[PDB]
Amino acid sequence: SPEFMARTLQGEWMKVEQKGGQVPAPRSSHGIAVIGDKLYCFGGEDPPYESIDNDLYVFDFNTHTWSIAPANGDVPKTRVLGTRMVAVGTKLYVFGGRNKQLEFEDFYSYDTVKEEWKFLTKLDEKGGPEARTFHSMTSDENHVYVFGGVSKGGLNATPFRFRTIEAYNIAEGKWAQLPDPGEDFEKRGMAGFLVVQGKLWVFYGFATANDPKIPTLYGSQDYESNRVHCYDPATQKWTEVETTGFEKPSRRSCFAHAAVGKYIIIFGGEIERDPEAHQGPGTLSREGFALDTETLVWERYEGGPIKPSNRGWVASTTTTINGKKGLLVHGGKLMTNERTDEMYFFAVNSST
């Protein structure tokens, strides 16, 4: 064991070459997911507060080219920002997001084999999953999960944030809300949300305050979280997790995140609020951190000469490229306040 400590999580940052095709306009606040060797991309924001399109873009990692998936079936009726998309088996699932006119996307699947959309659930109905934007999503073998986000405004309410998870059982075609973690747990948008070794992790994100003593900043108490909780479906219990380390990341939201084995791997994110909400970029991070969910220790990671610049509001997912599992980062906004079309992959080398 050398005197000087080398970093534990080792890997390489790579910029993914995009050769061409029907390439998506730059975007933030969108959803991506991978099935096999293909990345799917839906939704997005650019310019600020404006949605863009409702095409389903497909990037092939072997050919490094983009195409547009056939727009068959129940094509999603709204072009949205603040949306998310996950993959389970050969289907993609899109939930929520909204446009500037406050119309929210309902719940749809896309069958990548038959190449068709299916409308699955109308949101915001009595006893069903609510309309949400800037929520987070993850999935496992038989569920799509939605955490947090911001609600739809109505006559007698302004939008608020959620602290709940809605779970869609794919085989049964049924939604259920998971146990509510209660008042000590922050309602948040753009939080980290992942299945890791069978359990659900909710971490960091952009929180509603539950304390009138927290002073406002730019007229709102809203702040960046650094808290971490775990839900075990096997027992249906919530626990708050104390995480440690000299390099524990400062409070942040809107970051790339993925699970690789025991690691939660993040990159970028909003570390300071913009004075004008989402109009400007606030302050965005250029750093990557990983949490060992077994030891509960955070450490930064580095990936060689390729260093992605400051960014947040990216789409992210886990995939495997050239036999390496890792964190895929696509799009987002930069400190120039421009959207980017850049795609980066942190390829993990060490054991997980």
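Position 1 is the first residue in the sequence shown; the rest follow in order.
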{"property": "182-190 set against 130-138, stretch whose average Cα temperature factor tops the other in the entry", "result": "182-190"}
{"property": "Greater mean Cα temperature factor according to the PDB record, 92-100 or 205-213", "result": "205-213"}
{"property": "Out of 198, 269, 275, 149, residue topping the C-alpha B-factor column of the entry", "result": "198"}
{"property": "Criterion, highest CA B-factor; candidates, 122, 237, 79, 251", "result": "237"}
{"property": "Relative C-alpha B-factor of residue 60, binned into the chain's lowest, middle or highest third", "result": "middle"}
{"property": "Record-listed C-alpha B factor of residue 241: chain third", "result": "highest"}
{"property": "B-factor third for the C-alpha atom of residue 154 within its chain", "result": "highest"}
{"property": "Chain-relative CA temperature factor third for residue 33", "result": "lowest"}
{"property": "Chain third (lowest, middle, highest) by recorded CA B-factor, residue given as residue 283", "result": "lowest"}
